[PDB]
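S.K.:
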Amino acid sequence: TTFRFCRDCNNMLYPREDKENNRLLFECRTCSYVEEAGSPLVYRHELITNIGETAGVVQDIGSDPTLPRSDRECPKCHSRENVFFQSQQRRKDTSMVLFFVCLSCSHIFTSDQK
Amino acid sequence: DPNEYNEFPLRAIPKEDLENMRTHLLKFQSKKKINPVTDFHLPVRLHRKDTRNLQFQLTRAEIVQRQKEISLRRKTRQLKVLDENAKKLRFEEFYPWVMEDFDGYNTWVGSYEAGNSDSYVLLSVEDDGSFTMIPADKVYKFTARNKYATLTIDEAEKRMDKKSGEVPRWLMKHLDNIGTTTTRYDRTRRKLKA
Amino acid sequence: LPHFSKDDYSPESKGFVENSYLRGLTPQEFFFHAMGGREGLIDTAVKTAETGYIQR
Amino acid sequence: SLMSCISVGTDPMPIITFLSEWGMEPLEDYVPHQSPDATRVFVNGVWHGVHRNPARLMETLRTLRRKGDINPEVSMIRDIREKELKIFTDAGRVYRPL
Amino acid sequence: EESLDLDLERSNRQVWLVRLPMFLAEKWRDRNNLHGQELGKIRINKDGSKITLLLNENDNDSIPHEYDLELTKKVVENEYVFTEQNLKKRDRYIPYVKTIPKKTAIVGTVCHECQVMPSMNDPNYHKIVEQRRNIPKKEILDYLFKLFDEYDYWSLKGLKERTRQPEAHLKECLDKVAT
Amino acid sequence: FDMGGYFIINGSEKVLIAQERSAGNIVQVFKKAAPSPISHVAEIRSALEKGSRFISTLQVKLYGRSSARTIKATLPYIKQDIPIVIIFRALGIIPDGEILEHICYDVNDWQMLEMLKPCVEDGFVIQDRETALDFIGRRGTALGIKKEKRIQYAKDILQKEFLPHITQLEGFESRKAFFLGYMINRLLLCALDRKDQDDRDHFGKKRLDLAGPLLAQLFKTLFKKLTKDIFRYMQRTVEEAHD
Amino acid sequence: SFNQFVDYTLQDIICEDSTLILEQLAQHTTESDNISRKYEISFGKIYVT
Amino acid sequence: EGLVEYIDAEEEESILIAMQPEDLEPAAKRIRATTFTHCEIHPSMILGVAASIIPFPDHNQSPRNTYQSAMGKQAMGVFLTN
Ligand SMILES: [Zn+2]
Ligand SMILES: [Zn+2]
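Residue numbers (this note's numbering), protein chains in the order written: chain V, 6 to 119; chain W, 511 to 704; chain L, 160 to 215; chain U, 73 to 170; chain C, 51 to 229; chain E, 270 to 512; chain X, 3 to 51; chain Z, 14 to 95.
As structure tokens, this is what we get:
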């Protein structure tokens, strides 16, 4: 569902149809460059979204003070230090999931109990 | 450090040559490397022209072929003051820099950016190893233009007016197949053939 | 309030004044008490004008 | 409140030059791909460019304003969660000592 | 007089671009400077990747002498530096838009950009930081006849400057014969 | 004991009182109500200390709750809101991938790019900067030697009045473009529900005006009145003398 | 706030708009020719008592 | 020399404050994190001029404080000495 731009001039290729061989010609509209696409999927909606709970993992989260600290272990490095915080995707509908990130292994892991 | 490099500290420019020259900076906007001294249909005439209706402008080859074929007062006012350098800059960049090939196959239009032209300074090694010392003055960014037979204002307005739920997907290709609004290179080719 | 780490829901952080008027309030609890009282005052100051109009 | 105080503003232009000199990319050659994660820098709202390693600047500016070489009404924030860095030097802010 | 085309043979030249600290830019953009002298020395590794600037003592120690020249960009593309010195002296194309294309000349391309940074260990270095913190009825009758013969729409103001006479005497003469 | 910062007017001790206002020159988003055709808007106030009061209000508006998915941006003195691709071309960005690089930053995410596809389709009309600059925004005054609009006039608008912080001089269009893209990204984050609605009663987004700024307002107004009056009596001393 | 407004901000608000010029060359043709009568008024440093 | 800091209303979204200078500083009266960057000077200096006169203001109801802070400006005493 991503956009492929015309390499010859940076504009996204548009879906247009072979009138006889029946192929997906992503053609440029700016210039005349044409491209054959890979899959018959073109448009895509996703009427229900449920993603974004682990947002903004920067490489140096531990430099902030205001994040709390705990004593669970990273199940890659088993260091007893770690940082946890609430899910990032602030909807009225989200959960109490805690995402633990450890400074040692720089690795994220949750505590789901399904 | 041992002489594993051309250790030539700077030899400054001729001061007498410094006057009556200004050495700006050229910048291109494309992901592919461009060398105009190879790609371009030389001669190259970098001019400062107005760009009003450059689709209907001049091809150099077409111009050569056409030449060959032909041959009360208010008494009261107030100047709200403005800086002389700024006003001169407005006057100079009232037209931008344009360079083309002889064919008009590929054109590039410059414009002025005022970021950090002062802080930049040039150092070129010469053929003898002379390291020349030029304080750069201005930088210009150039974008290619009308490489793909751009449309025009009025039929553009009829396209963007809310008469259709969506404009035609291949409308520009249909107009090209009709034949209207050709490229500058195509106009030059037609003038050369006729 | 800027005296706690992020993402708490323990009642003292979000405003349970556990203490009592005899012992006095820790300053955070004092602030939350001020919040509740202010809410009451502004509600009175609007309801009086509207109820007067609608009595007339 | 009793220790409250009011900012009176200070010219940003030494901070701007200083902050350029300690490593920025001015916006005119910024490109998103080659710096996919570097940090935006704002001064009174105006963006001035992007910088690679933010923490060194952040602590450096702290040390500089603690040494007294920047008028201590100046306030800086490194919002680590969004790769932001703000400098404020306008008048009319409210501040209290700590 | 000369040709109308630009120069091309100096395309294949290496040019290096330097971002410069502003004091050093002011020292190096002086007309009383720029005389071919060599005020410093450069130092690249055999492996590259680090340059200090060995500035000579011509600066007289107000500014440092040890400058960590940091190569900002190793490889640079699509960059061409050009000069412009002044020149010796549907088919209705406008021939003259008063474009005055002077002697334009390429002088090379850019592969590297580097930034000059003074090394903080120098006493003049970081001293600059606190410095930045610190900062006649019958005669006129015939004469009138020539005058309107010169110009039939002769105005009163043009008449007055052509007479320099008493105006009431002037006005009573004019209407007696013509307008 | 009379440590007092007050004034004596006609022999009565008068005092100023600090006013406040929202912080200038700072980004706010909003969620206007459902029955309006607009769902999310962004605002920028501005100032420049403080010639002719420098209001210069800007919006970026969104439409629909689908198919009305469009981003019209208002602007003085342009009487209609404009889809933003026109503005990007007007500042001088032609190719759409680089408009997208101005807007979004992570090329991996896409939801913003499907969210922006209709505005790109709006931008299919115009493929050149002055052919975007031409668009109307009449709102006075009388047009000079024009055909429809001076391209010079429109670019003079975008240079002098538009967004009267980051610059005002002549040559900082790329800065204006990045600023606009940042604004769009903030609006789009708010409407895409990754980032919450802004607040107005956070204290830091307010400033306290006080005696100096208030005196600055009165002094600027009075001195501009004064300059107008001294410009009078100097042109109309056609007769003697230079008093 | 007051001290800031007196020490600075006042000289600034003057010097930002000091110039006012009516330099008269001829403002019509001739006048033969005439010369550029610079009637200029500008403000400098200010004073406070 | 870096002992106190001026903090505006925003860096509190970036810092962490301690009440007492002992509250977490070493690792029948009243009921009363290891990354502190600042400690406040004294918690009683969140008050204002009028409310700094109420004795034991932490030991009553807040609206009563608001009344008293209103009424105190209507009191009489001396006001100056000249
Ligand atoms: Zn193409
Ligand atoms: Zn681990």
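For every residue, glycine included, the Cβ atom is placed at its ideal position computed from N, Cα and C.
(1) Give me the chain E residues within the contact set of U/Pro104, using Cβ-Cβ distance strictly less than 9 Å, ordered along the chain.
(2) What are the boundary residues of the alpha helix (DSSP H) that W/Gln588 is part of?
(3) Using a beta-carbon distance cut-off of less than 8 Å, what residues from the segment 75 to 101 of chain U approach chain Z?
(4) Determine which residues share a DSSP beta bridge with W/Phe641 and list them.
(5) Would you please verify whether the beta carbon of E/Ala485 is less than 8 Å from any beta carbon of chain X?
(6) Quick one: measure Cβ to Cβ for C/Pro151 and C/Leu54, integer angstroms, because I've assumed they're closer than 8 Å.
(7) Would you mind giving the Cβ-Cβ distance between W/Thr533 and C/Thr133, rounded to the nearest angstrom? I have them listed as a contact below 8 Å.
(8) Out of E/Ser325, E/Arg322, E/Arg338 and E/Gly320, which one is the CA nearest neighbour of E/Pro306?
(9) Let me see if you follow: with CB-CB separation under 8 Å, is C/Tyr146 close to chain W or not?
(10) Taking just the CA atoms, how far does V/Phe114 sit from W/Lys672?
(11) Is there a Cβ from chain D that is less than 8 Å from the Cβ of C/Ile94?
(12) Taking 7 Å as the cut-off, is the beta-carbon of V/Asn16 closer than that to any non-hydrogen atom of ligand 1?
(13) Using 8 Å as the limit for Cβ to Cβ distance, is W/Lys598 near chain C?
(14) How long is the line joining the alpha carbons of Z/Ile66 and L/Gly183, rounded to whole angstroms?
(15) Determine, using beta carbons only, whether V/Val106 comes closer than 8 Å to chain U.
(16) Starting from C/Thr122, follow the beta strand (DSSP E) in both directions and report where the run begins and ends.
(17) So, helix, strand or coil for E/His309, using DSSP?
(18) Given this structure, state the Cα-to-Cα distance separating V/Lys119 from E/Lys301, to the nearest angstrom.
(19) What is the residue span of the beta strand (DSSP E) that E/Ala342 lies within?
(20) Could you check what DSSP says for C/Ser112 in three-state terms: helix, strand or coil?
(21) Look at V/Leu72 and L/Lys165 and say whether their C-beta atoms are less than 8 Å apart.
(22) Taking Cβ-Cβ distances shorter than 7 Å, what residues in chain V pair up with Z/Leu16?
(23) Measure from the C-beta of E/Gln437 to each C-beta in chain W and report whether the shortest distance is under 8 Å.
(24) Answer with yes or no whether the minimum CB distance from E/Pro364 to chain V is below 8 Å.
(25) Would you grab the beta carbon distance between residue 516 of chain E and E/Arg358 for me? Rounded to a whole angstrom, and I think it's under 8 Å.
(26) Is W/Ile573 close to chain C? Criterion is C-beta to C-beta, closer than 8 Å.
(27) Can you tell me which residues form a DSSP beta bridge with C/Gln135?
(28) Could you tell me the boundaries of the alpha helix (DSSP H) in which L/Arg197 lies?
(29) Beta-carbon of Z/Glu25 versus every beta-carbon of chain L: anything under 8 Å?
(30) With a cut-off of 8 Å, do at least 3 Cβ pairs link the segment 535 to 549 of chain W to the segment 119 to 134 of chain C?
(31) Please report the straight-line C-alpha distance between V/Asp98 and E/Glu430, rounded to a whole angstrom.
(32) State the Cα-Cα distance for the pair C/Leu58 and C/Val157, rounded to the nearest angstrom.
(33) Is L/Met194 buried or exposed, if buried means 16 or more other CB atoms sit within 10 Å of its CB?
(34) Report buried or exposed for L/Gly211, applying the criterion of at least 16 other Cβ atoms within 10 angstroms of its Cβ.
(35) Using a C-beta to C-beta distance shorter than 8 Å, which residues of chain V count as neighbours of E/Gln396?
(36) Please tell me whether, using a cut-off of 7 Å, the distance from the CB of Z/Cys52 to the nearest non-hydrogen atom of ligand 2 is below it.
M.R.: Here's the rundown:
(1) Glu370, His371, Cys373, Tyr374, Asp375 and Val376
(2) Element bounds for W/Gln588: n/a, residue is neither H nor E.
(3) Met75, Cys77 and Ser79
(4) W/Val635
(5) yes
(6) 6 Å
(7) 4 Å
(8) E/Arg338
(9) no
(10) 51 Å
(11) Protein chains V, W, L, U, C, E, X and Z are contained in the structure displayed, whereas chain D is not.
(12) yes
(13) no
(14) 17 Å
(15) no
(16) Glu116 to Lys123
(17) strand
(18) 39 Å
(19) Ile340 to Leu344
(20) coil
(21) yes
(22) Under the 7 Å cutoff, chain V gives no residues; its nearest Cβ is about 19 Å from Z/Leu16.
(23) no
(24) yes
(25) Outside the shown range of chain E, which is 270 to 512, sits residue 516 of chain E, and nothing can be said about it.
(26) yes
(27) W/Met531 and C/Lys153
(28) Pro186 to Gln214
(29) yes
(30) yes
(31) 44 Å
(32) 8 Å
(33) exposed
(34) exposed
(35) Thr35
(36) no
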